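Asker: Input file: entry_36.txt. Contents: compact mmCIF, C-alpha atoms and all ligand atoms.
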```
# COMPACT_ATOMS: atom_id res chain seq x y z
CA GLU A 16 0.00 0.00 0.00
CA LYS A 17 2.91 2.37 0.70
CA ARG A 18 4.70 1.46 -2.52
CA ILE A 19 1.51 2.17 -4.47
CA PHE A 20 0.80 5.53 -2.89
CA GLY A 21 4.42 6.60 -3.03
CA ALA A 22 4.77 5.63 -6.67
CA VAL A 23 1.71 7.58 -7.75
CA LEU A 24 2.87 10.66 -5.91
CA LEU A 25 6.46 10.41 -7.14
CA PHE A 26 5.27 9.91 -10.72
CA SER A 27 3.12 13.02 -10.37
CA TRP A 28 6.07 15.09 -9.17
CA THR A 29 8.28 13.69 -11.88
CA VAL A 30 5.88 14.64 -14.65
CA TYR A 31 5.41 18.05 -13.06
CA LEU A 32 9.18 18.68 -12.97
CA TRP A 33 9.54 17.51 -16.58
CA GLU A 34 6.77 19.84 -17.70
CA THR A 35 8.13 22.75 -15.65
CA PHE A 36 11.50 22.23 -17.30
CA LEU A 37 9.92 22.24 -20.79
CA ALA A 38 7.80 25.28 -20.02
CA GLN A 39 10.91 27.17 -18.90
CA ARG A 40 12.65 26.42 -22.18
CA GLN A 41 9.68 27.85 -24.09
CA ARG A 42 9.35 30.86 -21.81
CA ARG A 43 13.05 31.57 -22.37
CA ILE A 44 12.33 31.82 -26.09
CA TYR A 45 9.66 34.44 -25.50
CA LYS A 46 12.06 36.56 -23.50
CA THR A 47 15.03 35.98 -25.73
CA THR A 48 13.61 36.20 -29.26
CA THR A 49 13.01 39.92 -29.26
CA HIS A 50 13.20 40.77 -33.00
CA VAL A 51 11.74 38.92 -35.98
CA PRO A 52 14.15 36.21 -37.20
CA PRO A 53 15.07 36.26 -40.90
CA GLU A 54 13.25 32.96 -41.51
CA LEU A 55 10.14 35.06 -40.81
CA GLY A 56 10.38 38.57 -42.33
CA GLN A 57 7.56 37.76 -44.76
CA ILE A 58 5.38 36.10 -42.08
CA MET A 59 4.96 38.72 -39.30
CA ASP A 60 5.63 42.44 -39.03
CA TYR A 100 -12.70 12.92 3.69
CA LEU A 101 -15.04 14.02 0.86
CA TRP A 102 -16.40 10.46 0.69
CA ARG A 103 -17.23 10.45 4.41
CA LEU A 104 -18.70 13.93 4.03
CA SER A 105 -20.96 12.62 1.27
CA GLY A 106 -22.11 9.79 3.54
CA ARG A 107 -22.97 12.40 6.16
CA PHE A 108 -25.29 14.18 3.73
CA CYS A 109 -26.84 10.83 2.86
CA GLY A 110 -27.66 9.86 6.45
CA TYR A 111 -29.24 13.16 7.39
CA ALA A 112 -31.56 12.59 4.42
CA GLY A 113 -32.37 9.07 5.66
CA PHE A 114 -29.99 7.06 3.46
CA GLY A 115 -27.62 4.73 5.23
CA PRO A 116 -24.28 3.38 4.01
CA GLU A 117 -25.89 0.46 2.20
CA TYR A 118 -26.89 3.07 -0.45
CA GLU A 119 -23.46 3.20 -2.04
CA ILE A 120 -24.46 4.50 -5.50
CA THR A 121 -26.42 7.27 -3.80
CA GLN A 122 -23.37 8.26 -1.76
CA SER A 123 -21.26 7.98 -4.92
CA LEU A 124 -23.53 10.44 -6.71
CA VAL A 125 -23.23 12.91 -3.84
CA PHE A 126 -19.43 12.49 -4.03
CA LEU A 127 -19.55 13.09 -7.79
CA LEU A 128 -21.50 16.28 -7.24
CA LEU A 129 -19.21 17.64 -4.50
CA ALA A 130 -16.00 16.63 -6.28
CA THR A 131 -17.03 18.38 -9.48
CA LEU A 132 -18.27 21.38 -7.50
CA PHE A 133 -14.98 21.61 -5.58
CA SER A 134 -13.01 21.44 -8.78
CA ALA A 135 -15.35 23.99 -10.42
CA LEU A 136 -14.93 26.35 -7.50
CA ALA A 137 -11.15 26.07 -7.25
CA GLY A 138 -10.85 26.63 -11.00
CA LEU A 139 -12.94 29.80 -10.89
CA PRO A 140 -10.37 32.36 -9.63
CA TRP A 141 -7.96 31.21 -12.31
CA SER A 142 -10.51 31.27 -15.13
CA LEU A 143 -11.69 34.74 -14.11
CA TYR A 144 -8.12 36.05 -14.07
CA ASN A 145 -7.37 34.54 -17.47
CA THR A 146 -10.54 35.90 -19.01
CA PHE A 147 -10.80 39.33 -17.41
CA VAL A 148 -7.10 40.20 -16.94
CA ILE A 149 -5.00 38.33 -19.50
CA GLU A 150 -7.53 38.11 -22.32
CA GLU A 151 -8.89 41.60 -21.59
CA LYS A 152 -5.39 43.11 -21.55
CA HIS A 153 -4.40 41.69 -24.91
CA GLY A 154 -7.65 42.61 -26.70
CA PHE A 155 -9.46 39.26 -27.01
CA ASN A 156 -12.16 39.10 -24.31
CA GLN A 157 -15.60 40.23 -25.39
CA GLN A 158 -17.76 39.09 -22.50
CA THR A 159 -19.01 40.66 -19.29
CA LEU A 160 -18.76 39.10 -15.87
CA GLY A 161 -22.49 38.45 -15.90
CA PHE A 162 -22.24 36.48 -19.14
CA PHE A 163 -19.28 34.60 -17.72
CA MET A 164 -21.10 33.53 -14.55
CA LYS A 165 -24.36 32.72 -16.36
CA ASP A 166 -22.34 30.56 -18.71
CA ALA A 167 -20.41 28.82 -15.89
CA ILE A 168 -23.51 27.86 -13.92
CA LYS A 169 -25.28 26.57 -17.05
CA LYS A 170 -22.34 24.44 -18.04
CA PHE A 171 -22.15 23.05 -14.48
CA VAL A 172 -25.90 22.27 -14.32
CA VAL A 173 -26.04 20.67 -17.74
CA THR A 174 -23.02 18.57 -16.87
CA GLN A 175 -24.75 17.27 -13.75
CA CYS A 176 -27.99 16.58 -15.61
CA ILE A 177 -26.11 14.16 -17.84
CA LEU A 178 -23.35 13.00 -15.51
CA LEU A 179 -25.34 11.75 -12.53
CA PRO A 180 -27.96 9.58 -14.29
CA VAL A 181 -25.33 8.10 -16.58
CA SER A 182 -23.11 7.49 -13.52
CA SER A 183 -25.82 5.72 -11.55
CA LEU A 184 -26.35 3.29 -14.45
CA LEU A 185 -22.70 2.65 -15.22
CA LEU A 186 -22.08 1.91 -11.54
CA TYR A 187 -25.08 -0.42 -11.48
CA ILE A 188 -23.88 -2.22 -14.58
CA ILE A 189 -20.48 -2.67 -13.01
CA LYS A 190 -22.01 -4.11 -9.85
CA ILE A 191 -24.45 -6.48 -11.63
CA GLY A 192 -22.34 -8.00 -14.47
CA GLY A 193 -19.18 -9.91 -13.74
CA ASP A 194 -17.10 -11.78 -14.31
CA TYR A 195 -17.60 -10.08 -17.69
CA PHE A 196 -19.12 -6.85 -16.34
CA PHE A 197 -16.36 -4.89 -18.14
CA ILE A 198 -17.74 -5.72 -21.59
CA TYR A 199 -21.13 -4.28 -20.66
CA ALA A 200 -19.48 -1.32 -18.92
CA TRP A 201 -17.55 -0.69 -22.13
CA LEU A 202 -20.59 -1.13 -24.37
CA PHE A 203 -22.69 1.21 -22.23
CA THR A 204 -20.04 3.96 -22.35
CA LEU A 205 -19.77 3.53 -26.11
CA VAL A 206 -23.55 3.97 -26.48
CA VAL A 207 -23.64 6.96 -24.18
CA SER A 208 -20.74 8.46 -26.11
CA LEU A 209 -22.56 7.85 -29.40
CA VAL A 210 -25.84 9.34 -28.17
CA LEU A 211 -24.13 12.43 -26.73
CA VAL A 212 -22.20 13.08 -29.89
CA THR A 213 -25.34 12.57 -31.99
CA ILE A 214 -27.51 14.99 -30.01
CA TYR A 215 -24.89 17.61 -29.14
CA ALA A 216 -25.30 19.83 -32.22
CA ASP A 217 -29.10 20.26 -31.94
CA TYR A 218 -29.81 19.97 -28.24
CA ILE A 219 -26.74 20.96 -26.17
CA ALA A 220 -24.59 23.39 -28.22
CA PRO A 221 -27.42 25.96 -28.76
CA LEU A 222 -27.77 26.35 -25.00
CA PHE A 223 -24.31 27.98 -24.97
CA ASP A 224 -23.81 29.67 -28.34
CA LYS A 225 -25.77 31.36 -31.12
CA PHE A 226 -25.75 29.56 -34.47
CA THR A 227 -27.07 31.17 -37.68
CA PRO A 228 -27.05 30.07 -41.32
CA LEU A 229 -24.25 31.40 -43.44
CA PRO A 230 -25.76 34.22 -45.57
CA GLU A 231 -26.24 33.82 -49.28
CA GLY A 232 -23.26 35.03 -51.22
CA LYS A 233 -20.06 34.08 -53.01
CA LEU A 234 -18.58 32.10 -50.07
CA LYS A 235 -21.67 29.96 -49.53
CA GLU A 236 -21.59 28.89 -53.18
CA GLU A 237 -17.88 28.07 -53.41
CA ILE A 238 -18.20 25.89 -50.28
CA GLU A 239 -20.99 23.93 -52.02
CA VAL A 240 -18.86 23.50 -55.16
CA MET A 241 -15.89 22.27 -53.14
CA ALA A 242 -18.03 19.87 -51.08
CA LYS A 243 -19.52 18.33 -54.24
CA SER A 244 -16.04 18.14 -55.79
CA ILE A 245 -15.04 15.65 -53.05
CA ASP A 246 -18.42 13.94 -52.69
CA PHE A 247 -18.86 15.56 -49.31
CA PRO A 248 -22.66 15.43 -48.60
CA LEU A 249 -22.77 19.01 -47.36
CA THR A 250 -26.10 19.90 -45.80
CA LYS A 251 -26.03 23.39 -44.21
CA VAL A 252 -23.31 25.93 -43.38
CA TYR A 253 -23.71 27.71 -40.06
CA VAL A 254 -21.79 30.54 -38.39
CA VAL A 255 -21.35 30.41 -34.63
CA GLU A 256 -21.18 33.80 -32.98
CA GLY A 257 -17.91 33.14 -31.14
CA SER A 258 -17.45 36.93 -30.91
CA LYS A 259 -19.99 36.89 -28.05
CA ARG A 260 -17.09 35.41 -26.05
CA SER A 261 -13.81 36.27 -27.73
CA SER A 262 -12.26 37.60 -30.94
CA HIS A 263 -10.15 34.41 -31.17
CA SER A 264 -10.84 32.31 -34.25
CA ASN A 265 -10.95 28.55 -34.82
CA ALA A 266 -12.53 26.26 -37.41
CA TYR A 267 -14.36 23.07 -36.41
CA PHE A 268 -14.39 19.66 -38.09
CA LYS A 275 -23.00 16.64 -42.13
CA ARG A 276 -22.92 20.33 -41.19
CA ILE A 277 -20.11 22.83 -41.46
CA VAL A 278 -19.77 25.37 -38.61
CA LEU A 279 -17.53 28.44 -39.02
CA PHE A 280 -16.62 30.96 -36.34
CA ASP A 281 -17.71 34.47 -37.30
CA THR A 282 -14.27 35.72 -36.22
CA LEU A 283 -12.80 33.57 -38.97
CA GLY A 323 -10.77 37.06 -40.32
CA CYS A 324 -9.79 35.63 -43.67
CA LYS A 325 -11.00 36.54 -47.13
CA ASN A 326 -13.18 33.97 -48.89
CA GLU A 327 -10.44 32.12 -50.73
CA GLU A 328 -8.65 31.59 -47.44
CA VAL A 329 -11.73 30.27 -45.63
CA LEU A 330 -12.05 27.77 -48.45
CA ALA A 331 -8.53 26.43 -48.14
CA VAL A 332 -9.05 25.98 -44.39
CA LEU A 333 -12.25 24.15 -45.18
CA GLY A 334 -10.25 22.13 -47.68
CA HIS A 335 -7.99 21.14 -44.77
CA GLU A 336 -10.93 20.41 -42.48
CA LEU A 337 -12.51 18.19 -45.12
CA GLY A 338 -9.20 16.38 -45.42
CA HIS A 339 -9.78 15.04 -41.91
CA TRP A 340 -12.98 13.52 -43.32
CA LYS A 341 -11.72 12.17 -46.66
CA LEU A 342 -8.61 10.67 -45.08
CA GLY A 343 -10.68 9.00 -42.34
CA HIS A 344 -8.84 10.67 -39.46
CA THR A 345 -12.05 11.13 -37.52
CA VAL A 346 -12.83 7.44 -37.84
CA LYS A 347 -9.33 6.49 -36.73
CA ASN A 348 -9.68 8.70 -33.64
CA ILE A 349 -13.01 7.09 -32.73
CA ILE A 350 -11.58 3.61 -33.08
CA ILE A 351 -8.53 4.50 -31.01
CA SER A 352 -10.65 5.93 -28.22
CA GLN A 353 -12.93 2.89 -28.04
CA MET A 354 -10.07 0.40 -28.17
CA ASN A 355 -8.44 2.36 -25.37
CA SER A 356 -11.71 2.38 -23.46
CA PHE A 357 -11.96 -1.38 -23.90
CA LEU A 358 -8.42 -1.94 -22.66
CA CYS A 359 -8.89 0.21 -19.55
CA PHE A 360 -12.18 -1.48 -18.58
CA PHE A 361 -10.50 -4.85 -18.98
CA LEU A 362 -7.55 -3.84 -16.78
CA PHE A 363 -9.94 -2.24 -14.32
CA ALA A 364 -11.60 -5.66 -14.09
CA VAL A 365 -8.23 -7.31 -13.42
CA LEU A 366 -7.31 -4.77 -10.74
CA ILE A 367 -10.47 -3.89 -8.94
CA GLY A 368 -10.41 -6.86 -6.54
CA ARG A 369 -6.98 -5.73 -5.19
CA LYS A 370 -7.84 -4.29 -1.76
CA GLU A 371 -4.33 -2.84 -1.41
CA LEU A 372 -5.17 -0.29 -4.16
CA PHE A 373 -7.92 1.13 -1.98
CA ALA A 374 -5.90 1.07 1.20
CA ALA A 375 -3.17 3.08 -0.52
CA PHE A 376 -5.65 5.97 -0.65
CA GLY A 377 -7.28 5.79 2.77
CA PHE A 378 -10.18 3.35 2.01
CA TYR A 379 -9.78 0.71 4.69
CA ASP A 380 -13.29 -0.36 5.73
CA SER A 381 -14.92 -0.26 2.24
CA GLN A 382 -14.17 -0.47 -1.48
CA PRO A 383 -16.71 1.74 -3.26
CA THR A 384 -16.93 1.07 -6.99
CA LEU A 385 -16.60 4.74 -7.94
CA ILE A 386 -13.56 5.24 -5.71
CA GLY A 387 -12.18 2.19 -7.50
CA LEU A 388 -12.69 3.84 -10.90
CA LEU A 389 -11.08 7.04 -9.63
CA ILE A 390 -7.98 5.29 -8.25
CA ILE A 391 -7.37 2.94 -11.16
CA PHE A 392 -8.20 5.23 -14.11
CA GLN A 393 -6.59 8.45 -12.71
CA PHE A 394 -3.77 7.19 -10.36
CA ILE A 395 -2.78 3.62 -11.29
CA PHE A 396 -3.17 4.13 -15.05
CA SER A 397 -1.10 7.47 -14.77
CA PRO A 398 1.98 6.28 -16.74
CA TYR A 399 -0.10 4.72 -19.48
CA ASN A 400 -2.27 7.84 -19.70
CA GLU A 401 0.86 9.97 -20.14
CA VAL A 402 2.43 7.75 -22.77
CA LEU A 403 -0.86 7.58 -24.69
CA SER A 404 -1.43 11.36 -24.52
CA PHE A 405 2.00 11.81 -25.97
CA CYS A 406 1.37 9.20 -28.66
CA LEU A 407 -1.89 10.88 -29.62
CA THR A 408 -0.09 14.24 -29.86
CA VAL A 409 2.44 12.84 -32.34
CA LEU A 410 -0.35 11.22 -34.36
CA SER A 411 -2.30 14.48 -34.36
CA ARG A 412 0.69 16.33 -35.82
CA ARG A 413 0.87 13.68 -38.55
CA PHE A 414 -2.84 14.09 -39.37
CA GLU A 415 -2.43 17.85 -39.59
CA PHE A 416 0.34 17.58 -42.18
CA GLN A 417 -1.88 15.15 -44.10
CA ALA A 418 -4.86 17.47 -44.03
CA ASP A 419 -2.65 20.38 -45.22
CA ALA A 420 -1.45 18.10 -48.03
CA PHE A 421 -5.05 17.25 -48.99
CA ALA A 422 -5.76 20.97 -49.40
CA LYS A 423 -2.63 21.18 -51.53
CA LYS A 424 -4.12 18.33 -53.58
CA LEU A 425 -7.35 20.24 -54.05
CA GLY A 426 -5.25 23.05 -55.52
CA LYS A 427 -5.37 25.39 -52.50
CA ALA A 428 -1.81 25.40 -51.10
CA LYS A 429 -1.26 29.10 -51.85
CA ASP A 430 -4.48 30.10 -50.12
CA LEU A 431 -3.86 27.82 -47.15
CA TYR A 432 -0.35 29.25 -46.78
CA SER A 433 -1.90 32.72 -46.68
CA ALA A 434 -4.70 31.58 -44.34
CA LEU A 435 -2.35 30.12 -41.74
CA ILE A 436 -0.31 33.33 -41.60
CA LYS A 437 -3.37 35.55 -41.12
CA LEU A 438 -4.90 33.34 -38.42
CA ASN A 439 -1.57 33.20 -36.65
CA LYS A 440 -1.64 37.04 -36.66
CA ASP A 441 -5.28 37.46 -35.57
CA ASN A 442 -4.69 35.00 -32.68
CA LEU A 443 -1.19 36.38 -31.81
CA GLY A 444 0.61 33.08 -32.20
CA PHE A 445 4.36 33.28 -31.59
CA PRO A 446 6.00 31.31 -34.42
CA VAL A 447 9.21 30.23 -32.74
CA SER A 448 9.14 27.42 -30.26
CA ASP A 449 11.53 25.23 -28.34
CA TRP A 450 11.86 21.94 -30.15
CA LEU A 451 11.43 19.84 -26.99
CA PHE A 452 8.42 21.74 -25.63
CA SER A 453 6.72 21.60 -29.04
CA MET A 454 7.43 17.87 -29.45
CA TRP A 455 5.81 17.17 -26.08
CA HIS A 456 2.87 19.54 -26.27
CA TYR A 457 1.88 20.71 -29.78
CA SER A 458 -1.01 18.87 -31.42
CA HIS A 459 -0.47 21.07 -34.48
CA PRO A 460 3.00 21.34 -35.99
CA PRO A 461 4.61 24.77 -35.74
CA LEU A 462 3.46 27.29 -38.31
CA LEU A 463 6.81 27.43 -40.11
CA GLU A 464 6.89 23.64 -40.56
CA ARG A 465 3.38 23.83 -42.02
CA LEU A 466 4.32 26.63 -44.44
CA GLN A 467 7.45 24.81 -45.64
CA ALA A 468 5.36 21.69 -46.34
CA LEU A 469 2.83 23.64 -48.37
CA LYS A 470 5.67 24.92 -50.63
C1 LIG B 1 -6.25 25.61 -41.25
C2 LIG B 1 -6.68 26.00 -39.80
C3 LIG B 1 -7.15 27.42 -39.79
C4 LIG B 1 -7.84 25.07 -39.33
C5 LIG B 1 -7.25 23.77 -38.77
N1 LIG B 1 -8.26 23.10 -37.97
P1 LIG B 1 -8.10 21.42 -37.64
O1 LIG B 1 -6.64 21.07 -37.49
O2 LIG B 1 -8.67 20.66 -38.73
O3 LIG B 1 -8.90 21.05 -36.25
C6 LIG B 1 -8.54 21.73 -35.09
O4 LIG B 1 -7.24 21.17 -34.58
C7 LIG B 1 -7.38 19.78 -34.11
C8 LIG B 1 -6.08 19.34 -33.47
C9 LIG B 1 -8.49 19.63 -33.09
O5 LIG B 1 -8.66 18.19 -32.78
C10 LIG B 1 -9.78 20.18 -33.58
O6 LIG B 1 -10.76 20.15 -32.49
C11 LIG B 1 -9.64 21.59 -34.07
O7 LIG B 1 -9.35 22.45 -32.95
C12 LIG B 1 -6.06 24.10 -37.90
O8 LIG B 1 -4.93 23.98 -38.34
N2 LIG B 1 -6.27 24.57 -36.48
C13 LIG B 1 -5.15 24.87 -35.66
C14 LIG B 1 -4.62 26.26 -36.01
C15 LIG B 1 -5.54 27.34 -35.32
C16 LIG B 1 -6.83 27.68 -35.68
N3 LIG B 1 -7.26 28.67 -34.83
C17 LIG B 1 -6.23 28.95 -33.95
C18 LIG B 1 -6.12 29.87 -32.89
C19 LIG B 1 -4.93 29.94 -32.14
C20 LIG B 1 -3.86 29.12 -32.45
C21 LIG B 1 -3.97 28.20 -33.51
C22 LIG B 1 -5.16 28.13 -34.26
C23 LIG B 1 -5.58 24.83 -34.15
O9 LIG B 1 -6.50 24.05 -33.77
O10 LIG B 1 -4.98 25.61 -33.28
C1 LIG B 2 12.19 12.24 -2.13
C2 LIG B 2 12.08 12.38 -3.65
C3 LIG B 2 11.82 13.81 -4.14
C4 LIG B 2 12.47 14.04 -5.51
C5 LIG B 2 11.64 14.88 -6.47
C6 LIG B 2 11.28 16.26 -5.90
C7 LIG B 2 9.79 16.60 -6.13
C8 LIG B 2 9.52 18.10 -5.95
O1 LIG B 2 8.35 18.51 -6.62
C9 LIG B 2 7.48 19.30 -5.83
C10 LIG B 2 6.76 20.23 -6.81
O2 LIG B 2 5.43 20.48 -6.41
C11 LIG B 2 5.24 21.48 -5.43
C12 LIG B 2 4.47 20.84 -4.26
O3 LIG B 2 5.22 19.78 -3.72
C13 LIG B 2 6.21 20.26 -2.84
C14 LIG B 2 6.94 19.10 -2.18
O4 LIG B 2 7.99 18.56 -2.97
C15 LIG B 2 9.00 18.00 -2.15
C16 LIG B 2 9.60 16.77 -2.81
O5 LIG B 2 10.20 15.97 -1.82
ZN ZN B 3 -6.69 19.93 -38.86
```
Any chance you could give the structure as structure tokens?

Answerer:
Amino acid sequence: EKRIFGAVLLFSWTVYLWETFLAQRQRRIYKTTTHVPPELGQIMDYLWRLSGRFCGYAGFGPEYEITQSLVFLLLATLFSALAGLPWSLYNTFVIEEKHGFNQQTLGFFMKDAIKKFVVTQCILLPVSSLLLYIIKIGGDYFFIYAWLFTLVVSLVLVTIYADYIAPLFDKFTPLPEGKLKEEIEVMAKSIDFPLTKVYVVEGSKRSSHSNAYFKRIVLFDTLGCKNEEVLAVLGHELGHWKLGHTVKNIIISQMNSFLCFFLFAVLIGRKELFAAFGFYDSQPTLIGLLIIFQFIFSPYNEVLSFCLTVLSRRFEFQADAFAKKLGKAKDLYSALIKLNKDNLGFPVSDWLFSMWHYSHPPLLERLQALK
């Protein structure tokens, strides 16, 4: 039990020191690189027991484990929401305000935060009661049904999100008739993309930052770029579809989900895993998920994150190359420079920090490839 606890905590500190090291190398570049390089002249000018206590003053005794688990889920997410709030306010209303990006008031910010928290609970708790029940009621192969249920939930959520969740938080409007709407339609036909409707999301209610999303096409209103540049960026986006990157990501995530539920099944009988974290008299299923998925699986989670980051960089070069294929390299080149400027991206990075962290290859590497 001591080896387990100690190893989780030492791994945490080790990752933290590695990431502090990397961050320092990147911060050094910001303080050091004080004029435009020549490669760039043309590019820029306890809680558990507390939850039981709430349960028993409402008339629910310890035998009601899922109930206590749902209380814990509420308090844990509330605690994390509350401790994140000072930081999010400072980033939005000091950093983002200072550099010209924030567009929202404090009242919008708090309305938004409460709504996101409520909607999260509306989905999280019912789904959690069922998943926990499934785990309890189906071994020795419970993990197959646990996996299948999370796959179905994931599928439902993704299928309803556009119509039923997203409009609670953002304003979507059809792209107006004009020259851009028609060239998008031409391009979509050209690749057999069954384009249905083009929408514009009013991101400017929040921020002047811009970002294109991956059926329907949704474009930020802050995306700005002239029409031929929007089209090359769409060309790139549609490359993620033609090349099957989205399907590969879905398969990876469900294979990973299968593997973790299997290993959870292997490990969840080990009472030493619970004792490591102060659970002596009981082994609640949810606490089990927490310990195994977040603490015990720690090294695997880190290696996989890193592997997905490398893969992501590879997919981005491939999507750029698909837009080149479509004949849009010159416009994509232009588009990436202008978005880098509107969003104030700094186009020099430390090679180690960027290898570890960047899901998108540095701008200069993307421009060279488009040439
Ligand atoms: C051609 C480009 C305008 C659109 C293109 N979008 P795309 O790569 O297809 O997809 C984006 O990146 C993926 C990693 C994510 O999984 C997606 O959710 C999405 O954020 C892109 O290169 N996005 C980069 C570049 C970028 C767009 N807006 C930004 C704002 C700040 C910094 C960088 C950007 C990004 O996500 O960052
Ligand atoms: C006995 C092994 C310690 C070797 C690695 C040092 C870990 C330091 O990271 C701490 C960073 O996080 C700040 C909060 O933790 C402070 C306590 O760290 C003391 C490490 O013994
Ligand atoms: Zn992309």

Asker: From the set A:168, A:58, A:358, A:451, which residue has the shortest atom-to-atom contact distance to residue 466 in chain A, counting all atoms listed in the file?

Answerer: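 Going through A:168, A:58, A:358, A:451 one by one, the smallest distance to residue 466 in chain A is for A:58.
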
Asker: Report as a short mmCIF file (atom, residue, chain, number, x, y, z; two decimals) with C-alpha atoms, keeping the file's coordinate frame which protein, DNA and RNA residues come within 9 Å of ligand LIG 1 (chain B), using all atoms listed in the file.

Answerer:
```
data_model
loop_
_atom_site.label_atom_id
_atom_site.label_comp_id
_atom_site.auth_asym_id
_atom_site.auth_seq_id
_atom_site.Cartn_x
_atom_site.Cartn_y
_atom_site.Cartn_z
CA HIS A 263 -10.15 34.41 -31.17
CA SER A 264 -10.84 32.31 -34.25
CA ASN A 265 -10.95 28.55 -34.82
CA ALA A 266 -12.53 26.26 -37.41
CA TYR A 267 -14.36 23.07 -36.41
CA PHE A 268 -14.39 19.66 -38.09
CA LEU A 283 -12.80 33.57 -38.97
CA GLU A 328 -8.65 31.59 -47.44
CA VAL A 329 -11.73 30.27 -45.63
CA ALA A 331 -8.53 26.43 -48.14
CA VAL A 332 -9.05 25.98 -44.39
CA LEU A 333 -12.25 24.15 -45.18
CA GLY A 334 -10.25 22.13 -47.68
CA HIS A 335 -7.99 21.14 -44.77
CA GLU A 336 -10.93 20.41 -42.48
CA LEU A 337 -12.51 18.19 -45.12
CA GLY A 338 -9.20 16.38 -45.42
CA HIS A 339 -9.78 15.04 -41.91
CA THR A 408 -0.09 14.24 -29.86
CA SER A 411 -2.30 14.48 -34.36
CA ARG A 412 0.69 16.33 -35.82
CA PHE A 414 -2.84 14.09 -39.37
CA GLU A 415 -2.43 17.85 -39.59
CA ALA A 418 -4.86 17.47 -44.03
CA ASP A 419 -2.65 20.38 -45.22
CA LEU A 431 -3.86 27.82 -47.15
CA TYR A 432 -0.35 29.25 -46.78
CA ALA A 434 -4.70 31.58 -44.34
CA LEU A 435 -2.35 30.12 -41.74
CA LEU A 438 -4.90 33.34 -38.42
CA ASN A 439 -1.57 33.20 -36.65
CA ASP A 441 -5.28 37.46 -35.57
CA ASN A 442 -4.69 35.00 -32.68
CA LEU A 443 -1.19 36.38 -31.81
CA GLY A 444 0.61 33.08 -32.20
CA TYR A 457 1.88 20.71 -29.78
CA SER A 458 -1.01 18.87 -31.42
CA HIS A 459 -0.47 21.07 -34.48
CA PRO A 460 3.00 21.34 -35.99
CA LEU A 462 3.46 27.29 -38.31
#
```

Asker: Residues at most 10 Å from ligand LIG 2 (chain B), using all atoms listed in the file? Could they come as an MDAnalysis selection string?

Answerer: chainID A and resid 21 24:32 35

Asker: Would you please work out which residue, of A:455, A:33, A:340, A:376, is nearest to ligand ZN 3 (chain B) when using all atoms listed in the file?

Answerer: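 Answer, going by the shortest atom-to-atom distance: A:340.
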
Asker: Just checking: using all atoms listed in the file, which residue out of A:282, A:362, A:109, A:40 ends up closest to residue 196 in chain A?

Answerer: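 Result for the nearest residue to residue 196 in chain A: A:362.
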
Asker: Mind giving me the straight-line distance from CA of residue 456 in chain A to CA of residue 41 in chain A in Å, one decimal?

Answerer: 11.0 Å

Asker: Work out how far apart CA of residue 257 in chain A and CA of residue 244 in chain A are and give it in Å to one decimal.

Answerer: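 One can read the CA of residue 257 in chain A to CA of residue 244 in chain A distance as 28.9 Å.
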
Asker: Write out as a ChimeraX atom specification the residues lying within 10 Å of range 212-223 of chain A, counting only C-alpha atoms and excluding same-chain residues fewer than 6 positions away.

Answerer: /A:165-167,169-170,173,206,255,276

Asker: For range 124-140 of chain A, work out the shell of residues within 7 Å, counting all atoms listed in the file and skipping chain neighbours fewer than 5 positions away, then give it as a ChimeraX atom specification.

Answerer: /A:101-102,105,179

Asker: Could you list, as a JSON list (two decimals) with C-alpha atoms, in the coordinates of the input, every residue within 9 Å of residue 330 in chain A, counting all atoms listed in the file and ignoring same-chain residues fewer than 6 positions away?

Answerer:
```
[["chain", "number", "residue", "atom", "x", "y", "z"],
["A", 234, "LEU", "CA", -18.58, 32.10, -50.07],
["A", 237, "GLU", "CA", -17.88, 28.07, -53.41],
["A", 238, "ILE", "CA", -18.20, 25.89, -50.28],
["A", 241, "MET", "CA", -15.89, 22.27, -53.14],
["A", 427, "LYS", "CA", -5.37, 25.39, -52.50],
["A", 430, "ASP", "CA", -4.48, 30.10, -50.12],
["A", 431, "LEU", "CA", -3.86, 27.82, -47.15]]
```

Asker: So what do you get for CA of residue 259 in chain A versus CA of residue 171 in chain A, distance-wise?

Answerer: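 Computed distance, CA of residue 259 in chain A to CA of residue 171 in chain A, equals 19.5 Å.
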
Asker: Which residues are close to range 381-387 of chain A, i.e. within 8 Å by only C-alpha atoms, leaving aside same-chain residues fewer than 2 positions away? Reply as a list in words.

Answerer: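 Using only C-alpha atoms, the neighbours found are residues 119, 123, 186, 189, 190, 367, 370, 373, 378, 379, 389, 390 and 391 of chain A.
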
Asker: Can you work out which one of A:240, A:410, A:278, A:403 has the shortest atom-to-atom distance to residue 226 in chain A, counting all atoms listed in the file?

Answerer: A:278

Asker: Taking only C-alpha atoms and all ligand atoms into account, name the residue in A:351, A:377, A:422, A:183 that is nearest to ligand ZN 3 (chain B).

Answerer: A:422

Asker: With distances taken over only C-alpha atoms and all ligand atoms, which of A:420, A:163, A:246, A:371 is nearest to ligand ZN 3 (chain B)?

Answerer: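 Among A:420, A:163, A:246, A:371, it is A:420 that comes nearest to ligand ZN 3 (chain B).
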